[PDB]
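Text of the file structure-v8.pdb, holding PDB, N, CA and C atoms:
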ATOM      1  N   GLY A   1      -1.286 -21.295  43.276
ATOM      2  CA  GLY A   1      -2.626 -20.949  43.711
ATOM      3  C   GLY A   1      -3.612 -22.083  43.507
ATOM      4  N   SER A   2      -4.808 -21.933  44.067
ATOM      5  CA  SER A   2      -5.841 -22.956  43.950
ATOM      6  C   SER A   2      -5.946 -23.458  42.513
ATOM      7  N   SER A   3      -6.438 -24.683  42.355
ATOM      8  CA  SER A   3      -6.587 -25.282  41.034
ATOM      9  C   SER A   3      -7.738 -24.633  40.270
ATOM     10  N   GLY A   4      -7.544 -24.449  38.968
ATOM     11  CA  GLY A   4      -8.573 -23.840  38.144
ATOM     12  C   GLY A   4      -8.084 -23.526  36.744
ATOM     13  N   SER A   5      -8.975 -23.652  35.766
ATOM     14  CA  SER A   5      -8.627 -23.386  34.375
ATOM     15  C   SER A   5      -8.253 -21.919  34.181
ATOM     16  N   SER A   6      -7.081 -21.686  33.599
ATOM     17  CA  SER A   6      -6.604 -20.329  33.358
ATOM     18  C   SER A   6      -7.381 -19.673  32.221
ATOM     19  N   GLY A   7      -8.525 -19.085  32.558
ATOM     20  CA  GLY A   7      -9.345 -18.430  31.554
ATOM     21  C   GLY A   7      -9.844 -19.393  30.495
ATOM     22  N   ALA A   8     -10.922 -20.104  30.804
ATOM     23  CA  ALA A   8     -11.499 -21.063  29.869
ATOM     24  C   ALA A   8     -12.469 -20.381  28.912
ATOM     25  N   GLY A   9     -12.561 -20.906  27.694
ATOM     26  CA  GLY A   9     -13.454 -20.335  26.704
ATOM     27  C   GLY A   9     -14.001 -21.374  25.746
ATOM     28  N   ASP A  10     -14.848 -20.938  24.821
ATOM     29  CA  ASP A  10     -15.442 -21.839  23.841
ATOM     30  C   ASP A  10     -15.086 -21.412  22.422
ATOM     31  N   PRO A  11     -14.015 -22.007  21.875
ATOM     32  CA  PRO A  11     -13.547 -21.701  20.520
ATOM     33  C   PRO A  11     -14.501 -22.214  19.447
ATOM     34  N   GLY A  12     -15.263 -23.250  19.785
ATOM     35  CA  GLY A  12     -16.207 -23.816  18.839
ATOM     36  C   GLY A  12     -17.272 -22.823  18.418
ATOM     37  N   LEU A  13     -17.546 -21.851  19.279
ATOM     38  CA  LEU A  13     -18.552 -20.833  18.992
ATOM     39  C   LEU A  13     -17.905 -19.571  18.432
ATOM     40  N   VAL A  14     -16.666 -19.702  17.967
ATOM     41  CA  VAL A  14     -15.936 -18.573  17.403
ATOM     42  C   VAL A  14     -15.591 -18.819  15.939
ATOM     43  N   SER A  15     -15.913 -17.848  15.090
ATOM     44  CA  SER A  15     -15.639 -17.959  13.662
ATOM     45  C   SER A  15     -15.259 -16.604  13.074
ATOM     46  N   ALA A  16     -14.573 -16.631  11.936
ATOM     47  CA  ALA A  16     -14.150 -15.406  11.270
ATOM     48  C   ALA A  16     -14.701 -15.334   9.849
ATOM     49  N   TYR A  17     -15.089 -14.136   9.430
ATOM     50  CA  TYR A  17     -15.636 -13.934   8.093
ATOM     51  C   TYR A  17     -15.007 -12.715   7.425
ATOM     52  N   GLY A  18     -14.731 -12.834   6.131
ATOM     53  CA  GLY A  18     -14.132 -11.735   5.395
ATOM     54  C   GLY A  18     -13.316 -12.208   4.208
ATOM     55  N   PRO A  19     -13.065 -11.297   3.257
ATOM     56  CA  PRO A  19     -12.291 -11.605   2.051
ATOM     57  C   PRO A  19     -10.816 -11.839   2.353
ATOM     58  N   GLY A  20     -10.388 -11.433   3.544
ATOM     59  CA  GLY A  20      -9.002 -11.608   3.935
ATOM     60  C   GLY A  20      -8.664 -13.053   4.247
ATOM     61  N   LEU A  21      -9.650 -13.793   4.742
ATOM     62  CA  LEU A  21      -9.453 -15.198   5.085
ATOM     63  C   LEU A  21      -9.500 -16.075   3.838
ATOM     64  N   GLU A  22     -10.342 -15.693   2.883
ATOM     65  CA  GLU A  22     -10.480 -16.445   1.642
ATOM     66  C   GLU A  22      -9.508 -15.932   0.584
ATOM     67  N   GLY A  23      -9.073 -14.685   0.743
ATOM     68  CA  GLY A  23      -8.146 -14.096  -0.205
ATOM     69  C   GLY A  23      -8.787 -13.006  -1.041
ATOM     70  N   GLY A  24      -8.014 -12.439  -1.965
ATOM     71  CA  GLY A  24      -8.530 -11.384  -2.817
ATOM     72  C   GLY A  24      -7.564 -11.007  -3.922
ATOM     73  N   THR A  25      -7.108  -9.758  -3.907
ATOM     74  CA  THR A  25      -6.176  -9.272  -4.917
ATOM     75  C   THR A  25      -4.976  -8.587  -4.273
ATOM     76  N   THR A  26      -3.857  -8.567  -4.991
ATOM     77  CA  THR A  26      -2.639  -7.943  -4.490
ATOM     78  C   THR A  26      -2.805  -6.433  -4.366
ATOM     79  N   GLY A  27      -2.037  -5.829  -3.465
ATOM     80  CA  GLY A  27      -2.114  -4.394  -3.266
ATOM     81  C   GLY A  27      -3.500  -3.939  -2.855
ATOM     82  N   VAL A  28      -4.305  -4.873  -2.358
ATOM     83  CA  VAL A  28      -5.663  -4.563  -1.927
ATOM     84  C   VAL A  28      -5.856  -4.878  -0.448
ATOM     85  N   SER A  29      -5.939  -3.832   0.368
ATOM     86  CA  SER A  29      -6.120  -3.996   1.806
ATOM     87  C   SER A  29      -7.198  -5.035   2.102
ATOM     88  N   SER A  30      -6.773  -6.199   2.582
ATOM     89  CA  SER A  30      -7.700  -7.278   2.903
ATOM     90  C   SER A  30      -7.861  -7.426   4.412
ATOM     91  N   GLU A  31      -9.109  -7.444   4.870
ATOM     92  CA  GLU A  31      -9.397  -7.579   6.293
ATOM     93  C   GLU A  31     -10.494  -8.615   6.530
ATOM     94  N   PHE A  32     -10.808  -8.856   7.797
ATOM     95  CA  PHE A  32     -11.838  -9.824   8.160
ATOM     96  C   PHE A  32     -12.265  -9.644   9.614
ATOM     97  N   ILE A  33     -13.528  -9.947   9.893
ATOM     98  CA  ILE A  33     -14.063  -9.819  11.244
ATOM     99  C   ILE A  33     -14.131 -11.175  11.938
ATOM    100  N   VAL A  34     -13.827 -11.187  13.232
ATOM    101  CA  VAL A  34     -13.857 -12.418  14.013
ATOM    102  C   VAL A  34     -14.973 -12.383  15.051
ATOM    103  N   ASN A  35     -16.076 -13.060  14.747
ATOM    104  CA  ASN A  35     -17.218 -13.107  15.655
ATOM    105  C   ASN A  35     -16.906 -13.966  16.876
ATOM    106  N   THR A  36     -16.550 -13.312  17.977
ATOM    107  CA  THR A  36     -16.226 -14.015  19.212
ATOM    108  C   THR A  36     -17.304 -13.797  20.268
ATOM    109  N   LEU A  37     -18.311 -13.002  19.923
ATOM    110  CA  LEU A  37     -19.407 -12.713  20.842
ATOM    111  C   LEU A  37     -20.067 -14.000  21.324
ATOM    112  N   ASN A  38     -20.489 -14.834  20.380
ATOM    113  CA  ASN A  38     -21.135 -16.099  20.709
ATOM    114  C   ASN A  38     -20.345 -16.852  21.775
ATOM    115  N   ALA A  39     -19.026 -16.696  21.746
ATOM    116  CA  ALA A  39     -18.157 -17.359  22.710
ATOM    117  C   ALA A  39     -18.387 -16.819  24.118
ATOM    118  N   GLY A  40     -18.146 -15.524  24.298
ATOM    119  CA  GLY A  40     -18.333 -14.908  25.599
ATOM    120  C   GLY A  40     -17.191 -13.984  25.972
ATOM    121  N   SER A  41     -15.997 -14.550  26.115
ATOM    122  CA  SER A  41     -14.819 -13.770  26.477
ATOM    123  C   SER A  41     -13.555 -14.618  26.386
ATOM    124  N   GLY A  42     -12.419 -13.958  26.185
ATOM    125  CA  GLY A  42     -11.156 -14.667  26.082
ATOM    126  C   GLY A  42     -10.146 -13.930  25.226
ATOM    127  N   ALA A  43      -8.950 -14.496  25.104
ATOM    128  CA  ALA A  43      -7.893 -13.886  24.308
ATOM    129  C   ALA A  43      -7.921 -14.399  22.873
ATOM    130  N   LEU A  44      -7.330 -13.630  21.964
ATOM    131  CA  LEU A  44      -7.288 -14.007  20.554
ATOM    132  C   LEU A  44      -5.863 -13.940  20.015
ATOM    133  N   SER A  45      -5.505 -14.911  19.180
ATOM    134  CA  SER A  45      -4.170 -14.962  18.596
ATOM    135  C   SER A  45      -4.246 -15.023  17.073
ATOM    136  N   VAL A  46      -3.881 -13.921  16.424
ATOM    137  CA  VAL A  46      -3.905 -13.848  14.968
ATOM    138  C   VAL A  46      -2.496 -13.730  14.400
ATOM    139  N   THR A  47      -2.262 -14.393  13.272
ATOM    140  CA  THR A  47      -0.955 -14.364  12.625
ATOM    141  C   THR A  47      -1.067 -14.713  11.145
ATOM    142  N   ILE A  48      -0.070 -14.302  10.369
ATOM    143  CA  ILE A  48      -0.055 -14.573   8.938
ATOM    144  C   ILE A  48       1.296 -15.125   8.495
ATOM    145  N   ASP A  49       1.289 -15.897   7.415
ATOM    146  CA  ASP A  49       2.514 -16.485   6.887
ATOM    147  C   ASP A  49       2.393 -16.742   5.388
ATOM    148  N   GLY A  50       3.298 -16.149   4.616
ATOM    149  CA  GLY A  50       3.273 -16.325   3.176
ATOM    150  C   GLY A  50       4.636 -16.124   2.544
ATOM    151  N   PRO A  51       4.655 -15.926   1.217
ATOM    152  CA  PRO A  51       5.896 -15.719   0.465
ATOM    153  C   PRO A  51       6.543 -14.373   0.773
ATOM    154  N   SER A  52       5.803 -13.510   1.461
ATOM    155  CA  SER A  52       6.304 -12.188   1.817
ATOM    156  C   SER A  52       5.505 -11.598   2.976
ATOM    157  N   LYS A  53       6.199 -11.285   4.066
ATOM    158  CA  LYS A  53       5.557 -10.712   5.243
ATOM    159  C   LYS A  53       4.483  -9.705   4.842
ATOM    160  N   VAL A  54       3.450  -9.588   5.669
ATOM    161  CA  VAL A  54       2.358  -8.658   5.403
ATOM    162  C   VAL A  54       2.064  -7.791   6.622
ATOM    163  N   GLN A  55       1.908  -6.491   6.393
ATOM    164  CA  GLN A  55       1.622  -5.555   7.473
ATOM    165  C   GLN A  55       0.164  -5.653   7.908
ATOM    166  N   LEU A  56      -0.070  -6.334   9.026
ATOM    167  CA  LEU A  56      -1.420  -6.502   9.550
ATOM    168  C   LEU A  56      -1.678  -5.543  10.708
ATOM    169  N   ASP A  57      -2.940  -5.170  10.891
ATOM    170  CA  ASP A  57      -3.321  -4.260  11.965
ATOM    171  C   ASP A  57      -4.586  -4.745  12.665
ATOM    172  N   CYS A  58      -4.442  -5.158  13.919
ATOM    173  CA  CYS A  58      -5.574  -5.648  14.698
ATOM    174  C   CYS A  58      -6.288  -4.497  15.400
ATOM    175  N   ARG A  59      -7.585  -4.367  15.140
ATOM    176  CA  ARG A  59      -8.382  -3.307  15.745
ATOM    177  C   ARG A  59      -9.614  -3.880  16.440
ATOM    178  N   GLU A  60     -10.213  -3.088  17.322
ATOM    179  CA  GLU A  60     -11.399  -3.518  18.054
ATOM    180  C   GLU A  60     -12.666  -3.235  17.253
ATOM    181  N   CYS A  61     -13.483  -4.265  17.065
ATOM    182  CA  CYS A  61     -14.726  -4.129  16.315
ATOM    183  C   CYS A  61     -15.923  -4.530  17.171
ATOM    184  N   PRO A  62     -17.094  -3.954  16.860
ATOM    185  CA  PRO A  62     -18.333  -4.234  17.589
ATOM    186  C   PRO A  62     -18.850  -5.647  17.332
ATOM    187  N   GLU A  63     -18.109  -6.405  16.529
ATOM    188  CA  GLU A  63     -18.493  -7.774  16.204
ATOM    189  C   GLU A  63     -17.462  -8.768  16.728
ATOM    190  N   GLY A  64     -16.432  -8.250  17.389
ATOM    191  CA  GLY A  64     -15.391  -9.105  17.931
ATOM    192  C   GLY A  64     -14.003  -8.544  17.701
ATOM    193  N   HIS A  65     -13.264  -9.154  16.780
ATOM    194  CA  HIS A  65     -11.910  -8.710  16.467
ATOM    195  C   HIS A  65     -11.717  -8.575  14.960
ATOM    196  N   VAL A  66     -11.134  -7.456  14.541
ATOM    197  CA  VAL A  66     -10.892  -7.204  13.125
ATOM    198  C   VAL A  66      -9.403  -7.029  12.845
ATOM    199  N   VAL A  67      -8.974  -7.463  11.664
ATOM    200  CA  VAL A  67      -7.574  -7.353  11.273
ATOM    201  C   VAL A  67      -7.442  -6.971   9.802
ATOM    202  N   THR A  68      -6.649  -5.940   9.533
ATOM    203  CA  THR A  68      -6.438  -5.473   8.168
ATOM    204  C   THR A  68      -4.987  -5.662   7.741
ATOM    205  N   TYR A  69      -4.792  -6.275   6.579
ATOM    206  CA  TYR A  69      -3.453  -6.518   6.058
ATOM    207  C   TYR A  69      -3.384  -6.210   4.566
ATOM    208  N   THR A  70      -2.167  -6.044   4.057
ATOM    209  CA  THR A  70      -1.963  -5.745   2.646
ATOM    210  C   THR A  70      -0.973  -6.719   2.015
ATOM    211  N   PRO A  71      -1.427  -7.433   0.975
ATOM    212  CA  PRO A  71      -0.597  -8.409   0.262
ATOM    213  C   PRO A  71       0.509  -7.745  -0.551
ATOM    214  N   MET A  72       1.704  -8.324  -0.502
ATOM    215  CA  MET A  72       2.844  -7.789  -1.237
ATOM    216  C   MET A  72       3.264  -8.737  -2.355
ATOM    217  N   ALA A  73       2.600  -9.885  -2.433
ATOM    218  CA  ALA A  73       2.904 -10.876  -3.458
ATOM    219  C   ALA A  73       1.785 -11.906  -3.574
ATOM    220  N   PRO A  74       1.524 -12.359  -4.809
ATOM    221  CA  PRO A  74       0.479 -13.351  -5.083
ATOM    222  C   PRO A  74       0.836 -14.732  -4.545
ATOM    223  N   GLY A  75       0.055 -15.207  -3.580
ATOM    224  CA  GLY A  75       0.304 -16.513  -2.998
ATOM    225  C   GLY A  75      -0.746 -16.904  -1.979
ATOM    226  N   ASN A  76      -0.431 -17.899  -1.156
ATOM    227  CA  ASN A  76      -1.357 -18.370  -0.134
ATOM    228  C   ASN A  76      -0.838 -18.043   1.264
ATOM    229  N   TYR A  77      -1.505 -17.110   1.933
ATOM    230  CA  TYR A  77      -1.110 -16.703   3.277
ATOM    231  C   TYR A  77      -1.888 -17.485   4.332
ATOM    232  N   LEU A  78      -1.160 -18.124   5.241
ATOM    233  CA  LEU A  78      -1.780 -18.905   6.306
ATOM    234  C   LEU A  78      -2.211 -18.008   7.461
ATOM    235  N   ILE A  79      -3.518 -17.809   7.592
ATOM    236  CA  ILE A  79      -4.060 -16.974   8.657
ATOM    237  C   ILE A  79      -4.538 -17.822   9.831
ATOM    238  N   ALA A  80      -3.722 -17.883  10.879
ATOM    239  CA  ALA A  80      -4.063 -18.656  12.067
ATOM    240  C   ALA A  80      -4.924 -17.840  13.025
ATOM    241  N   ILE A  81      -5.948 -18.476  13.582
ATOM    242  CA  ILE A  81      -6.846 -17.809  14.516
ATOM    243  C   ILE A  81      -7.193 -18.717  15.690
ATOM    244  N   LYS A  82      -6.835 -18.281  16.893
ATOM    245  CA  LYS A  82      -7.110 -19.053  18.100
ATOM    246  C   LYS A  82      -7.867 -18.212  19.122
ATOM    247  N   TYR A  83      -8.585 -18.882  20.017
ATOM    248  CA  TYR A  83      -9.355 -18.196  21.047
ATOM    249  C   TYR A  83      -9.569 -19.097  22.259
ATOM    250  N   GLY A  84      -9.300 -18.558  23.445
ATOM    251  CA  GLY A  84      -9.469 -19.327  24.664
ATOM    252  C   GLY A  84      -9.048 -20.774  24.500
ATOM    253  N   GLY A  85      -7.815 -20.984  24.049
ATOM    254  CA  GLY A  85      -7.316 -22.333  23.855
ATOM    255  C   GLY A  85      -6.071 -22.370  22.990
ATOM    256  N   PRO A  86      -5.164 -23.311  23.292
ATOM    257  CA  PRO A  86      -3.912 -23.471  22.548
ATOM    258  C   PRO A  86      -4.139 -24.005  21.139
ATOM    259  N   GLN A  87      -5.351 -24.488  20.882
ATOM    260  CA  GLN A  87      -5.695 -25.028  19.572
ATOM    261  C   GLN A  87      -6.376 -23.971  18.709
ATOM    262  N   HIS A  88      -6.623 -24.312  17.448
ATOM    263  CA  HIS A  88      -7.269 -23.391  16.519
ATOM    264  C   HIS A  88      -8.784 -23.408  16.703
ATOM    265  N   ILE A  89      -9.461 -22.450  16.079
ATOM    266  CA  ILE A  89     -10.912 -22.356  16.174
ATOM    267  C   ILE A  89     -11.588 -23.120  15.040
ATOM    268  N   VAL A  90     -12.887 -23.361  15.186
ATOM    269  CA  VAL A  90     -13.651 -24.079  14.173
ATOM    270  C   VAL A  90     -13.543 -23.392  12.816
ATOM    271  N   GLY A  91     -12.854 -24.042  11.883
ATOM    272  CA  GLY A  91     -12.690 -23.480  10.555
ATOM    273  C   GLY A  91     -11.250 -23.111  10.256
ATOM    274  N   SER A  92     -10.502 -22.762  11.297
ATOM    275  CA  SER A  92      -9.104 -22.378  11.140
ATOM    276  C   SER A  92      -8.205 -23.611  11.097
ATOM    277  N   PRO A  93      -6.990 -23.437  10.554
ATOM    278  CA  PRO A  93      -6.536 -22.147  10.027
ATOM    279  C   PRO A  93      -7.271 -21.751   8.752
ATOM    280  N   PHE A  94      -6.980 -20.552   8.255
ATOM    281  CA  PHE A  94      -7.614 -20.054   7.041
ATOM    282  C   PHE A  94      -6.566 -19.680   5.996
ATOM    283  N   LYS A  95      -6.629 -20.337   4.842
ATOM    284  CA  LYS A  95      -5.689 -20.074   3.759
ATOM    285  C   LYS A  95      -6.219 -18.989   2.829
ATOM    286  N   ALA A  96      -5.538 -17.848   2.808
ATOM    287  CA  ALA A  96      -5.939 -16.733   1.959
ATOM    288  C   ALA A  96      -5.123 -16.702   0.672
ATOM    289  N   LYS A  97      -5.790 -16.946  -0.452
ATOM    290  CA  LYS A  97      -5.127 -16.946  -1.751
ATOM    291  C   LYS A  97      -5.297 -15.600  -2.449
ATOM    292  N   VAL A  98      -4.219 -14.826  -2.504
ATOM    293  CA  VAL A  98      -4.248 -13.517  -3.146
ATOM    294  C   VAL A  98      -3.662 -13.580  -4.552
ATOM    295  N   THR A  99      -4.375 -13.001  -5.512
ATOM    296  CA  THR A  99      -3.926 -12.992  -6.898
ATOM    297  C   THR A  99      -3.510 -11.591  -7.332
ATOM    298  N   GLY A 100      -2.854 -11.504  -8.485
ATOM    299  CA  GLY A 100      -2.412 -10.218  -8.992
ATOM    300  C   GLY A 100      -0.902 -10.082  -8.989
ATOM    301  N   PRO A 101      -0.396  -9.053  -9.687
ATOM    302  CA  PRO A 101       1.044  -8.792  -9.778
ATOM    303  C   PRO A 101       1.632  -8.312  -8.455
ATOM    304  N   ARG A 102       2.893  -8.652  -8.216
ATOM    305  CA  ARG A 102       3.572  -8.256  -6.987
ATOM    306  C   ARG A 102       3.518  -6.742  -6.801
ATOM    307  N   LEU A 103       2.957  -6.309  -5.678
ATOM    308  CA  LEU A 103       2.843  -4.887  -5.378
ATOM    309  C   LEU A 103       3.372  -4.580  -3.981
ATOM    310  N   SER A 104       4.499  -3.876  -3.923
ATOM    311  CA  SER A 104       5.112  -3.518  -2.648
ATOM    312  C   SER A 104       5.347  -2.013  -2.563
ATOM    313  N   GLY A 105       4.690  -1.372  -1.601
ATOM    314  CA  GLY A 105       4.840   0.061  -1.429
ATOM    315  C   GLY A 105       5.673   0.416  -0.212
ATOM    316  N   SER A 106       6.782   1.112  -0.439
ATOM    317  CA  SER A 106       7.671   1.508   0.646
ATOM    318  C   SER A 106       7.333   2.912   1.140
ATOM    319  N   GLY A 107       7.377   3.879   0.228
ATOM    320  CA  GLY A 107       7.074   5.253   0.588
ATOM    321  C   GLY A 107       7.319   6.218  -0.555
ATOM    322  N   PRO A 108       6.981   7.498  -0.335
ATOM    323  CA  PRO A 108       7.156   8.547  -1.343
ATOM    324  C   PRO A 108       8.626   8.875  -1.588
ATOM    325  N   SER A 109       8.951   9.223  -2.830
ATOM    326  CA  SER A 109      10.322   9.557  -3.196
ATOM    327  C   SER A 109      10.473  11.058  -3.425
ATOM    328  N   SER A 110       9.652  11.598  -4.320
ATOM    329  CA  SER A 110       9.694  13.021  -4.637
ATOM    330  C   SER A 110       8.705  13.799  -3.774
ATOM    331  N   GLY A 111       8.936  15.103  -3.650
ATOM    332  CA  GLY A 111       8.058  15.939  -2.853
ATOM    333  C   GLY A 111       8.109  17.396  -3.269
TER     334      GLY A 111
END

Written form, structure tokens:
Amino acid sequence: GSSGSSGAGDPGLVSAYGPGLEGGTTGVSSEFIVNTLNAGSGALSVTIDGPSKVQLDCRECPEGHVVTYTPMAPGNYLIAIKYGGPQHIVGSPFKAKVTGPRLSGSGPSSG
């Protein structure tokens, strides 16, 4: 098809704020909001990487994009955030340092 940028955006005007990006405590649901409004529109790519996979949940927020995750071990989780571009956004990636004893919850045993 005709030449044209496949959905162009401004990542420089996109930033994320929250205790999840900076870190917190183990077994403590950590989340963060991604202000993409200033940008305008585009796709978002969020991911995490640490000593132990983390269950993250991306939800729609009135401030952009929100993600909630739970740490299963004390360490540094690499939170990558991209928007309208193959590169990272201003400030990313974000290293989240979670402290506290290893806490992993599978499910209920007795009933």

### Task
With only N, CA and C atoms counted, which protein, DNA or RNA residues have an atom no more than 8 Å from (3.1, -3.1, 12.6) in the file frame? Please answer as a list in words.
residues 54, 55, 56, 57 and 58 of chain A

### Query
Do you know which residues the PyMOL selection byres ((chain A and resi 95) around 6) returns on this file, as a count of residues only?
11

### Message
Give me, as a list in words, all polymer residues having an atom no more than 6.5 Å from residue 36 (chain A), counting all atoms listed in the file and skipping those fewer than 6 positions away in the same chain.
### Response
residues 13, 14, 15, 63, 64 and 65 of chain A

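In this model, the gap between atom C of residue 27 (chain A) and CA of residue 44 (chain A) comes to 25.8 Å.
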
### Query
Taking into account only N, CA and C atoms, which residue in the set A:110, A:5, A:80, A:89 is nearest to residue 48 (chain A)?
A:80

### Residues matched by the PyMOL selection byres ((chain A and resi 103-107) around 5) as a PyMOL selection string
chain A and resi 72-73+101-102+108-109

### Task
Run the PyMOL selection byres ((chain A and resi 31) around 8) on the file and write out the hits as an MDAnalysis selection string.
chainID A and resid 17:22 28:30 32:34 66:70

### Query
At what distance in Å, to one decimal, does CA of residue 12 (chain A) lie from CA of residue 88 (chain A)?
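Between CA of residue 88 (chain A) and CA of residue 12 (chain A) the gap works out to 9.2 Å.
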